[PDB]
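As C-alpha cells, the structure follows; a few thoughts come after it.
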Ligand SMILES: Nc1ncnc2c1ncn2[C@@H]1O[C@H](COP(=O)(O)OP(=O)(O)OP(O)(O)=S)[C@@H](O)[C@H]1O
Ligand SMILES: Nc1ncnc2c1ncn2[C@@H]1O[C@H](COP(=O)(O)OP(=O)(O)O)[C@@H](O)[C@H]1O
Ligand SMILES: [Mg+2]
C-alpha cells in the first residue's frame with residue numbers, strides 16, 4: 093500500500109523524496125512466498141515476474157542477467173514503461189547466493217534503483233538510442249528464500265550459547281513451532297552471520313517471516 | 062553564466078549529507094575546478110589543465126555513495142555510478158572496464174562530446190586491492206588485473222565502447238570516447254587500513270630491553292600512499308588518484324541529526340506519507356535518541372534506521388487508512404521499545 | 370604525479386574559499402604552507 | 148588485447164586506429180609509428196611451463 | 259541422485275550400498291522436482307507452465 | 002586420541018577437536034585429579050568464555066577423585082568472581098574437592114546424574130621437621146578445614162556443626178542423598 | 002591437551018590456543034614451580050606485551066608453591082623495568098617467590114582472591130664441599146636474604162625488622178591478612194561490584 097501510495101503521488105510537492113522500501117520474505121519451502129506476491133499482482137493490475145538468484149550465482153555478465161529480469165517484466169507489461177515501473181518483482185533463493205558477494209552487489213544496485221536499457225519489441229538489429237529506458241527505483245522488489253541455518257543462529261544469540269551439553273535444550277521433534285517464533289525475532293545481525301551483505305540488508309528494511 | 066562556487070555546492074550537499082566536512086570540501090573544489098577546466102575548452106595559452114582524481118575512504122554507512130548521488134542532483138555534466146567488483150581483466154567473461162563509459166553515455170543520451178566532460182564514481186575499489194594476494198602465478202583477474210586496465214582510463218585514452226549492452230568482439234561498431242577530461246571518484250571502504258597506518262606510526266624498533274617502545284577518522288586522516296601500497300594498490304593506481312578524502316564514522320548524535328536535519332530525512336518521509344493521508348505525524352526527541360541507540364546496538368549504522376521506523380509504525384500504518392477522525396499521531400520512546408503503542412489524537 | 374597531490378592539499382582550503390572572497394588579486398605560497406604551520410598570504414587590491 | 152578468439156580484443160585493432168589518423172590511407176599508415184603502453188602487463192608470471200594459456 | 263541420496267554408513271548396522279544399487283535413471287526420474295530441472299538449465303517459470311510430467 | 006569434529010558454519014566448514022567444540026558451547030570438563038596445571042587450564046577457559054559473552058551460563062562437568070586444595074579454591078574463587086553462572090554437573094563421581102566445586106555452582110544450576118556418587122571428607126596433609134613449623138602448618142590446615150566447612154554449609158544451607166560432624170571421616174552420598182543434603186539442586190534422570 | 006579457540010578477525014576466522022588467546026588480552030599465567038625456562042617464557046611474554054601496547058596494564062595470575070630465586074629475580078626485574086603496570090593476582094596460593102612477585106606488582110594493582118593463601122619464608126639452600134666454599138655460598142644466600150627482605154619491605158611498606166622476624170619461619174597469610182600486611186592492596190570478590198579494572 094505504501095509503495096503504490098508513493099507512485100500515486102509521484103510529485104509530492106514538498107522538499108521530500110519518498111524512498112522505496114523493499115521486502116524480505118523468510119520462510120520454509122512451500123509456505124506461500126511466491127503465492128503472496130502473485131496474489132498481490134492479481135489484486136493490483138500490475139506486471140509480476142519471478143527470478144531465481146541461484147541461476148544468477150554464475151557471476152558472469154551479471155548486468156545482462158539482472159537486466160533480463162526487467163526485460164521479462166516488459167513482455168508481461170506489454171512494453172509499457174509506466175505499467176512496468178509499477179510491477180512487482182519476486183526473487184527466490186536469495187539465501188543460496190550468500191556465503204557470491206559480486207552477485208549481491210549487482211542486485212542491490214538494481215534494488216536501490218537504476219536505469220536499464222531493454223531492446224524494444226525484439227528485432228533483428230536496433231540502434232542504442234532506441235532501447236527503452238526503464239527505472240527500477242519505482243519497481244517493488246520482493247526477495248524470498250528459506251534460511252535453515254538462521255534458526256540456530258538466533259538461538260545461539262537470543263538463548264543460551266549452548267546446544268551440546270546436558271542442560272542444552274535439544275528436545276527437537278521437528279515441531280517447528282519453536283522455529284517460527286525464533287525467526288520472528290530475526291534481526292540484521294543474524295542475517296550477517298548467515299552470509300548476507302549489510303548493504304543488501306539495508307535495502308530490505310521490511311522483513312516478513314512465514 | 063557564472064559557475065556555482067564551492068560554498069554553494071557544499072550547502073547543497075549539506076542538505077542531504079551530515080558530518081563529512083573534508084570530503085565535502087574536496088568534492089566541491091573538484092567539481093568547481095572541473096567546470097572551470099571545461100569552460101576553457103579552447104584554452105588559448107601555453108597550458109593544458111590536467112585533472113586531479115579523487116579517492117574516497119570511509120567506513121560503511123559513512124556517506125560515500127550518498128555523496129555521489131547528491132552531486133548527480135546538482136551536476137550539469139553526466140554523472141554515473143559504477144561498481145568495481147564486477148569488472149574483470151580483458152579476455153575473461155566476468156565484465157570489462159569499458160562498460161563504465163557505456164553507462165555514462167546512457168546518461169548523456171549517447172552524446173560523446175557530452176560524456177567526455179562527465180564524472181564517474183567507482184565504488185568498492187578496495188575489493189580490487191590484493192588483500193590476501195597469495196601470488197597469482199596462475200592469474201589475478203578480480204584484483205590487480207582490473208587496476209592495470211583502469212590506469213589508462215583514468216589517465217586518459219580513447220576507449221572503444223560498444224553501442225549498447227554488448228561485449229567487445231571483432232565487430233567494428235565501436236565509437237571512440239576520450240577520458241582525458243573525465244573525472245573519476247574512486248570510493249572504497251578500506252577495511253584494515255587503520256591497522257596498517259598504526260603499524261607505520263607505531264612501528265617502534267624491537268621487543269626487548271634495548272628496544273624503544275612507542282580515533283578511526285583521525286587515524287585515517289594520516290593516510291599516505293605507502294599505506295595503500297601495503298593494502299594491495301599498485302603505486303601507479305594511487306598516482307592516478309592524487310586527492311584523498313577521509314570520512315569519519317557516524318556517532319550517535321549524527322544519527323539523530325540524520326533523522327530530521329536532512330532534506331529527505333526518514334522522519335520527513337513518513338510525515339509526508341501520513342500528511343497525504345490526512346494525518347499528522349510527530350516524532351518526539353526521545354524517540355529519535357532511542358532509534359539511534361537501537362541502530363548503534365545492532366551495528367547497522369544509518370541504514371538500520373529505516374527498519375526501526377518501519378517496524379514501530381507497522382501496526383499504526385495498517386489501521387490508519389481505515390481509521391477516521393484521526394488528526395495526529397505521537398510517537399514516544401516506549402513505542403520504539405515496543406512496550407506501548409503510539410498515541411493518537413481524535414478530532 | 371605526487372606533486373599534484375601536494376599542491377592540491379596545500380591549496381585545497383584556499384580554492385574552496387577563494388571565489389567567495391572578493392577584492393583578492395594575489396595569492397602567495399610560502400614554504401611554511403606546505404608544512405602546514407602557516408596559511409597562504411593573500412593580497413587585497 | 149587478447150589471444151585471437153577471446154572476448155577482449157584483437158591485436159589488429161591497433162592498425163585500425165592508425166588508419167583513422169591517416170584517413171584510411173593505407174600507404175600513409177604502413178610508414179607510421181605505434182606506441183604500445185603498459186607492455187609489462189602482458190607477461191608470463193615467471194612461469195616457463197605455462198600450465199594454462201594466458202589469453203591476456 | 260545428489261538431492262535424494264545421503265550416501266551409506268560404515269558400521270555393522272549401517273546399510274552398505276553397492277554399484278548394483280546405484281538407482282540409475284530407471285526409477286530415478288519419477289522423484290524429479292522443479293529444482294532439479296532448474297539446475298539442468300531450464301527456467302523456473304517454464305516448468306510451472308508444464309505441470310504434467312510423463313516419465314518413461 | 003582426541004577425535005576431530007566438523008562444525009558447519011555459514012560458509013567455512015571448520016574442524017574442531019571434541020573438547021574445543023564443546024568449549025565453543027560453554028562446556029568445561031574437570032577430569033582426573035585436581036592439580037595446578039589442569040586448574041589453570043579450567044580458569045583460562047572460564048575467563049575466555051566470560052570475555053566472549055558474560056551473560057551466558059557456563060557448564061562444568063566433574064568426574065574426579067579430588068586432589069590439592071589450593072587448586073580447587075582457585076577454581077572456586079574464579080567461579081564466584083565471574084558474572085556467568087557456573088552450572089556444575091557430576092558425572093561418575095565427585096570427591097572432596099570435586100564436591101566442594103559441585104556444591105559451589107550457581108543456586109538452582111547444580112545437577113548430578115542418578116548413578117553418580119559424591120564423597121566428602123576432611124582435608125589431608127602432613128609435615129616433617131621441627132615442632133615450630135609443625136605447629137604452624139597444623140593451624141593452617143585447621144583454618145582451611147574450618148573455612149571449607151563454612152563454604153560447604155553456605156552453599157548447602159546446613160548447619161556448620163552438622164557439616165563438621167559429617168566431615169570427620171569419609172562420607173559417601175548417592176544422587177538422591179545429595180539432593181536432600183543441599184549439595185545438588187536436581188537430578189537429570191532422562192531428557 | 003590445551004583447547005583451541007576461534008577468534009573472528011576482520012580478515013576471517015583464526016585459530017588460537019587458550020593460553021595464547023588470553024595473552025592477546027594482556028594476561029599471563031605463572032603456574033607451577035618457578036624455574037628458568039618458565040621464567041624465560043614469562044619474560045618473553047612481558048616484553049612482547051610491552052612492545053604491543055606499553056600503556057595498558059598487564060595482568061599476571063600467580064598459583065605456585067615457589068621455586069628457584071634467580072628465575073624469580075629475572076621476572077621481578079622485568080616487571081620493574083617495563084612501563085606497563087603489572088597487575089598481579091593470587092590464585093590458590095603464593096609461596097616465597099610467588100609472594101615476592103605478588104607484592105612486586107604495581108602499587109594499587111595487586112589483588113588476591115577471597116580464599117587465597119600467601120606464604121612467606123626465608124630462602125632455602127645448601128652446599129657440600131670444603132669449608133671455604135661453604136662460607137662463600139653461605140654469605141651469598143645471606144646477601145640474597147637481605148636483598149629479598151629489603152624489597153619486600155619496600156613494596157609492603159613495613160619495617161625491615163618486622164619482615165626479618167616474620168621470615169625466620171614459615172608464615173601463612175589469608176587474603177585479609179595480606180591486605181593489612183601490605184602484600185596486597187585489595188581483594189577481588191566479584192567483577193561487577195568493584196570494577197577496579
Ligand atoms: N552522512 C550521512 N548523512 C545522511 N545520511 C547518511 C549519512 N551516512 C549514511 N547515511 C545514510 O545511510 C545510507 C547508506 O549510506 P551510504 O553512503 O550509501 O553507504 P556507503 O557510504 O556507500 O558505504 P558502502 O557503499 O556500503 S561501502 C544512506 O542512504 C543514508 O540514508
Ligand atoms: N498458504 C498457502 N495457501 C495456498 N497455497 C499455498 C500456500 N502455501 C503454499 N501454497 C502452494 O505452494 C505453491 C507455492 O509454494 P512457494 O511458497 O512458492 O514455495 P517456495 O516458497 O519454496 O518458492 C503454490 O502452488 C501454492 O498452491
Ligand atoms: Mg560504496
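Protein chains in written order, with the deposited numbering: chain A, 93 to 191, 204 to 314; chain B, 62 to 275, 282 to 414; chain C, 370 to 414; chain D, 148 to 203; chain E, 259 to 314; chain F, 2 to 192; chain G, 2 to 198.
The C-beta atom is built at its ideal place from N, Cα and C for all residues, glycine as well.
Inter-residue CB distance, residue i and residue j (contact presumed, cutoff 8 Å)
i: residue 187 of chain A; j: residue 251 of chain A; result: 5 Å
i: residue 188 of chain G; j: residue 112 of chain G; result: 7 Å
i: residue 104 of chain G; j: residue 184 of chain G; result: 5 Å
i: residue 142 of chain D; j: residue 150 of chain B; result: With chain D covering 148 to 203 only, the question about residue 142 of chain D has no answer from this structure.
i: residue 402 of chain C; j: residue 408 of chain C; result: 7 Å
i: residue 176 of chain F; j: residue 97 of chain F; result: Actually they are not in contact, since the Cβ atoms of residue 176 of chain F and residue 97 of chain F sit about 17 Å apart, beyond 8 Å.
i: residue 143 of chain A; j: residue 161 of chain A; result: 5 Å
i: residue 126 of chain G; j: residue 142 of chain G; result: 5 Å
Residue i to residue j span [Cα, whole Å]
i: residue 193 of chain G; j: residue 192 of chain B; result: 41 Å
i: residue 140 of chain A; j: residue 247 of chain A; result: 13 Å
i: residue 410 of chain B; j: residue 318 of chain B; result: 29 Å
i: residue 274 of chain E; j: residue 120 of chain A; result: 32 Å
i: residue 123 of chain B; j: residue 209 of chain B; result: 28 Å
i: residue 106 of chain F; j: residue 174 of chain F; result: 18 Å
i: residue 308 of chain E; j: residue 125 of chain A; result: 20 Å
i: residue 163 of chain A; j: residue 222 of chain A; result: 6 Å
i: residue 110 of chain F; j: residue 31 of chain G; result: 31 Å
Three-way DSSP call (helix, strand, coil) for residue i in this model
i: residue 258 of chain A; result: helix
i: residue 168 of chain F; result: helix
i: residue 390 of chain B; result: coil
i: residue 242 of chain A; result: coil
i: residue 272 of chain E; result: coil
i: residue 375 of chain C; result: helix
i: residue 141 of chain A; result: strand
i: residue 181 of chain D; result: coil
i: residue 97 of chain F; result: helix
i: residue 185 of chain F; result: coil
i: residue 197 of chain G; result: coil
i: residue 163 of chain B; result: helix
i: residue 173 of chain A; result: helix
Sub-8 Å separation of residue i and residue j beta-carbons
i: residue 207 of chain B; j: residue 129 of chain B; result: no
i: residue 266 of chain E; j: residue 272 of chain E; result: yes
i: residue 400 of chain B; j: residue 357 of chain B; result: yes
i: residue 65 of chain F; j: residue 299 of chain A; result: no
i: residue 27 of chain G; j: residue 42 of chain G; result: no
i: residue 79 of chain B; j: residue 321 of chain B; result: yes
Residues that residue i bridges to, as DSSP identifies them
i: residue 64 of chain F; result: F/32
i: residue 18 of chain G; result: G/5
i: residue 120 of chain G; result: G/173
i: residue 350 of chain B; result: B/398
i: residue 306 of chain B; result: Beta-bridge pairing links residue 306 of chain B to no other residue.
i: residue 251 of chain B; result: Answer by DSSP bridge pairing: none, since residue 251 of chain B is not bridged.
i: residue 237 of chain B; result: B/221
i: residue 88 of chain G; result: G/60
Contacts of residue i in chain H (Cβ-Cβ under 9 Å)
i: residue 307 of chain B; result: As a matter of chain content, chain H is missing from the structure shown, whose protein chains are A, B, C, D, E, F and G.
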